[PDB]
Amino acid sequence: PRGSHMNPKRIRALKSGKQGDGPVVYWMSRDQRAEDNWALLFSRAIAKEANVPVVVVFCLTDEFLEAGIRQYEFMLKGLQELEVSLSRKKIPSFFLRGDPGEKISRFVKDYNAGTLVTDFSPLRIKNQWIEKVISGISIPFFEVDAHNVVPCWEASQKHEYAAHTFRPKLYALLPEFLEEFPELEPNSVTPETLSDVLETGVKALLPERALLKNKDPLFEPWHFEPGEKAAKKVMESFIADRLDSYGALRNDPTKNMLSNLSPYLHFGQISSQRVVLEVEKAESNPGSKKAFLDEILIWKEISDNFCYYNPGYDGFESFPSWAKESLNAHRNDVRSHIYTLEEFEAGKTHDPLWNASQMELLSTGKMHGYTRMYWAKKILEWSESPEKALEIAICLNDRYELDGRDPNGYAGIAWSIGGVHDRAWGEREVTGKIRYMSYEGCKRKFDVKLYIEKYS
């Protein structure tokens, strides 16, 4: 649909129909940003072709009640900065509240929309909203992959088993899809308050907060400043200060050598393609550049491939055949320890390293990547059943992680607990053939003592 620096493989028609005479509505959801947004840039191209304005809509769902203050305040503060950014380009933003299956369908008919466009997300709750809006509208409905560099439906046509089967497929399409972004043109035709949704949003989640003994809450919101502008600063500080020694200090949680980009990448406050653009042009360690590109391109986009082609990505059914047979054969094995969800949540286990990992999760909202594997694997070893292990790990992840409720989370937890995108290993107690990670293995990799004392 028109344009030259616009790859049509990023667009796919979700429903046919006659193009209305009204404005193009962009149902933004996953990629909350003004710049470097294919879904917003595509909506402008269709809007410019029909001589209609482009409008952005956002439907705040009732699923923030399963997500606390740390994820609500991080999202809402970025939406307030986004509203000012879109207003500078004369693009109005409308913020709705309720079921998107009924609010979006009511919004298009009331505003007399001509074409509806939205971003891509492989989550189950998004596929239900889409089908509910297709049966309630009469205008064409388009969908853009603005999160992945290579469109999810174009990178692979099936669920990829491991990373070595997905790496040559992704890198073969890189010269075509890795491109610069055109500047968002402003509107030529101008035609709820967020401060109130934030006040009414926190007061409902105040009782469900994580507090210490003296009613002192555990979350430290000064570690990550939300917003599109702040997300660019974290990227700039990563390339100049942390990219050189990233390839060597990536498995050391005592060194702040990660990009710290996942909270902005999950909420779409920064484009992963823009990060790859700047990383590919920077002169750093070739081992560190290949190590970082392999995380934000291969592992990040294979998680979308895992959730898009496996509807039960958060269940035991999505595990490989060799894993399910191994975990079922070790269901009657005697567990050395058994902890409930409340014991895992408060970090009241016998392992000081695991408790230190959980304390970093509760206090900073972003637990180190290497400790996240030790964190989720110890849950499987100290639980009643593999089904309970998956339930506790997903619950604690999507509640305190700033990057929670993300395909990277479900695919990461499935990698540690169900061996997805991995292979079998030494046969062991309880965990069977799933890869085991011990306290002593982390002691030789990094100063474990420094990690415990930092988080009690």
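Numbers for residues come from their place in the sequence shown, where the first is 1.
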- Query: What is the count, as a class, of unmodelled deposited residues between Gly98 and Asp99: none, 1 to 3, 4 to 9, or 10 or more?
  - Reply: none
- Task: Pick between 197-205 and 340-348: the one whose mean CA B-factor in the entry is higher.
- Result: 197-205
- Item | Selected stretch [higher average CA B-factor]: 418-426 or 61-69 | 61-69
- Query: Which is it among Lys324, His147, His223, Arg106: the one with the largest CA B-factor in the entry?
  - Reply: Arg106
- Message: Between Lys377, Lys366, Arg242, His164, which one tops the list for Cα B-factor in this entry?
- Response: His164
- Item | Assigned third (lowest, middle, highest) for the C-alpha B factor of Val54 | highest
- Message: Using the temperature factors of the C-alpha atoms in this entry, rank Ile394 within its chain: lowest, middle or highest third.
- Response: lowest
- Lowest, middle or highest third: where is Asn408 by Cα B-factor in its chain? lowest
- Task: Ordered by C-alpha B-factor within the chain, which third holds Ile46? Give me lowest, middle or highest, please.
- Result: highest
- Query: Is the Cα B-factor recorded for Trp153 in the lowest, middle or highest third of its chain?
  - Reply: middle
